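Going by the authors' numbering, the sequence shown opens with residue 1, and the numbers climb by one from there.
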Amino acid sequence: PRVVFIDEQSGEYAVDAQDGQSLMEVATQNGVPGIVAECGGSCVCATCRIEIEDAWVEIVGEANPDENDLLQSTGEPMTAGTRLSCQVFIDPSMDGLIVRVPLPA
Ligand code: FES
C-alpha cells in the first residue's frame, strides 16, 4: 500500500507499506525518526506508543483490551488510534495509511 507517517521532528513522514508490514517498520524505511528500536516486534516491550492518524484507526483497528489495558495500567492519557504500531500490519484494508507520533511520553 501507500502510507503517511508523522512526527515532532519533521511533522510528517509520507511513505508506503506492504501488506504484512507495520507502521513502525515503514518508518526506518522512510527515514522516519524511527524513535523505537526497543524489542523489534518481539512483543516484550510497551514503549512503542505510536499513533495511527484518526482516519485509519477504524481501518487499522487498535489493539484489543489486552495490550491496551496493560499500557493503560500506568494511568497516562491516550487518544483514538494509540496502539503498538510495531504490532500492526498492512493489508488491503489499510492501504495508504497515515501514521502519527505522540508527544514526549
Ligand atoms: S517495539 Fe516492543 S512491543 Fe512494540
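Ideal Cβ placement from N, Cα and C applies to all residues, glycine included.
Where residue i falls: helix, strand or coil (DSSP)
i, result
"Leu-97", "strand"
"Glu-58", "helix"
"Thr-47", "coil"
"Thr-74", "coil"
"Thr-79", "coil"
"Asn-64", "coil"
"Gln-21", "coil"
Proximity test, residue i beta-carbon vs the ligand FES heavy atom, cut-off 7 Å
i, result
"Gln-87", "yes"
"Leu-84", "yes"
"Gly-41", "yes"
"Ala-46", "yes"
"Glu-38", "yes"
For residue i: DSSP bridge partner residues
i, result
"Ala-14", "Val-4"
"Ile-52", "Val-99"
Residue closest to residue i, alpha-carbon to alpha-carbon, out of the options
i, options, result
"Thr-79", "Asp-91, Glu-58, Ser-42 and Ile-35", "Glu-58"
"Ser-93", "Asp-69, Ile-35, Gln-21 and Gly-11", "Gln-21"
"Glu-38", "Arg-49, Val-4, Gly-31 and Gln-29", "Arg-49"
"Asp-91", "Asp-19, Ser-10 and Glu-12", "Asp-19"
"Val-3", "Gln-72, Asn-68, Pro-102 and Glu-53", "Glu-53"
"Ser-42", "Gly-96, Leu-84 and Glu-62", "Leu-84"
"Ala-105", "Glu-76, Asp-95 and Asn-68", "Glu-76"
- Message: Closer than 8 Å is the cut-off here; do at least three beta carbon pairs connect the segment 24-40 with the segment 6-14?
- Response: yes
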